[PDB]
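Take a look at this one chain, the form solved without ligand 5GP, written out in structure tokens.
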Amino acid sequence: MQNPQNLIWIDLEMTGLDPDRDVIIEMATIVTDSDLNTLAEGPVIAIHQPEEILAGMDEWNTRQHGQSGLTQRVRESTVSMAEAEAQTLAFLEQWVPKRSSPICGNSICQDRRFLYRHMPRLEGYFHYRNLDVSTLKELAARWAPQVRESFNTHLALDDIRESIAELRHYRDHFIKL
């Protein structure tokens, strides 16, 4: 069932932009094979945080997490950061061995940095490689603007599915295979 060529896709929500001063409040994962076929969708987990952390968010995060329902889900969650990390690792372990997959998604440098601080056991499960779909988004915007225009989610798994679909789009119309 484990395959070292399978890909781990991850997306997080955070209370702010600083991986060391802010925290993770939501995570989700999807596993694909190396040709981007979805093998399994992981758990979507709202991570409990104290009220003062929620009250401390800036105006943008307060509005966005408020109206998406995440703020309420964080208040009501009984899942700690460590429990969410363990739940996600239990899912990924069924599909990918340790240190085999890059971290995959859009601008996943930000996600890796938050994982390194807040979920280091999960961060350490990834290969050191980053697979950043937004690197290809930037190159397509400058070299083939038509490929971008030929391609507005808020739910966690919708966001990851769109990242996978974006890479599939570049593999099909931007990359010479």
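Don't overthink the numbering: it's just position in the shown sequence, from 1.
There is another form of this protein, the form solved in complex with ligand 5GP, and it is not shown here; the text below is about that form.
J.: Is there any non-hydrogen atom of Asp35 lying within 4.5 Å of ligand 5GP in the deposited complex?
T.: No - in the deposited complex, heavy atoms of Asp35 and ligand 5GP never come within 4.5 Å of each other.
J.: Tell me, yes or no, whether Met14 is in contact with ligand 5GP in the deposited complex, where a contact means a heavy atom of each within 4.5 Å.
T.: Although ligand 5GP is absent here, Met14 would touch it in the deposited complex, with heavy atoms inside 4.5 Å.
J.: Is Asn61 one of the residues lying within 4.5 Å of ligand 5GP in the deposited complex, judged by heavy atom distances?
T.: Although ligand 5GP is absent here, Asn61 would touch it in the deposited complex, with heavy atoms inside 4.5 Å.
J.: My question is simply whether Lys137 lines the interface with ligand 5GP in the deposited complex - judged by any non-hydrogen atom within 4.5 Å.
T.: No, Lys137 is distant from the partner.
J.: Given the stretches 36-44, 52-60, 115-123, 141-149, which is the single one in contact with ligand 5GP in the deposited complex, using a heavy atom cutoff of 4.5 Å?
T.: Stretch with heavy atoms near the partner: 52-60.
J.: Output the sequence-ordered list of residues from 146-174 with at least one heavy atom within 4.5 Å of ligand 5GP in the deposited complex.
T.: Sequence-ordered list has one entry, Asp159.
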